[PDB]
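Understanding the architecture of this molecule
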Amino acid sequence: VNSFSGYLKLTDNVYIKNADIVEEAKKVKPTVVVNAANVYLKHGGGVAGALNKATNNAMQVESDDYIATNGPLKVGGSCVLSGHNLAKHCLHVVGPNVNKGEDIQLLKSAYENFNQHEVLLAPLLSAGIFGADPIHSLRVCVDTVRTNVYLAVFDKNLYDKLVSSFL
Ligand SMILES: Cc1ccc(-c2nc(Cn3cnc4c(N)nc(N)nc43)cs2)o1
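The rules behind the values
- Residues numbered from 1 in each chain as written, not as in the entry; some residues may be left out.
- Heavy atoms only, no water.
- 1 Å grid on protein atoms, 1.4 Å probe; cavity = no way out; pocket = protein on both sides within 12 Å on 5 of 7 lines; lining within 4 Å.
- Points joined across faces, edges and corners; volume = space filled by probe spheres on them.
- Helix = DSSP H or I, 4+ residues; strand = E, 2+ residues; numbered from the N terminus.
- Nonpolar A, V, L, I, M, F, W, Y, C, P; charged D, E, K, R; others polar.
- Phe/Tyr/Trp six-rings, centres within 6.5 Å; stacked < 30°, edge-to-face > 60°.
- Buried < 20%, exposed > 50% of the residue type's maximum accessible area, 1.4 Å probe, protein only.
- Contact = heavy atoms within 4.5 Å.

**Considering the layout of surface pockets**
If you add up the space inside the largest pocket, you get close to 430 Å³. Surrounding the largest pocket, 22 residues form its lining, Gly-46, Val-47, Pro-123, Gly-128 and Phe-154 being those nearest its centre. When contributions to the lining of the largest pocket are tallied by element, the ones reaching two or more residues are α1 (21-28), α2 (46-54) and β7 (148-153). Top contributing element to the lining of the largest pocket by residue count: α2, with 4 residues. Residue classes in the lining of the largest pocket are distributed as 16 nonpolar, 4 polar and 2 charged.

**Thoughts on the packing of aromatic side chains**
For the coordinates displayed, the defined rule picks out 5 aromatic pairs. Taking 5.3 Å as the distance between ring centres and 70° as the angle between the ring planes, the aromatic pair formed by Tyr-111 and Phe-114 counts as edge-to-face. Using a relative accessible area of 0% as the deciding quantity, one classes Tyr-111 as buried. Members of the aromatic cluster, joined through ring pairs, are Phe-4, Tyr-7, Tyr-15 and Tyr-150.

**So, the environment of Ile-21**
As for its position among the elements, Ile-21 is in helix α1. The class for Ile-21 is buried, based on a relative accessible area of 5%. As a C-alpha pair, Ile-21 and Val-61 span 40 residues in sequence and 21 Å in three-dimensional space. Ignoring any residue separated from it by four or fewer positions in sequence, one finds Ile-21 in contact with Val-33, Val-34, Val-47, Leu-51, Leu-121, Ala-122, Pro-123 and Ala-152.

Structure below.
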């Protein structure tokens, strides 16, 4: 038993809520929050910009040091860094961004990173400004992640469609 509340159950291990991921992380302070990162860990917009802003740019400073030491992530890849004031840890995961010509098939590889953590709060990968269909995205999540994932979907219209249009 944990501190998540108000989630709709999708499968044995997947849950969903219409929530801003920043407000949810501040309220729950989970062990792991997932960031929808890019390979450079440049947290400009979407989930990444919003999480970074809530850490007063400390996430960006820690990320720049990580890149200066290790180089960029892979599309489909991840790294674990601090969660700052929002979580114990932040799992930065790079879903494919279709507006940059990135391969949609790498979305499954991105979600595989979640399996290294028993419980996560996370956004839908490659949704929002990353330009994938949040619904194909939810199907890959459900068919790939085996650990306990609490999804936050910010857009009410999108949430209603995903909960409805789910097979
Ligand atoms: C077609 C359509 C309508 C809305 C959207 C998008 N949603 C996202 C993901 N996202 C961005 N910011 C946040 C945030 N603060 N909280 C959560 N849970 N998700 C976030 C990217 S585009 O796409």
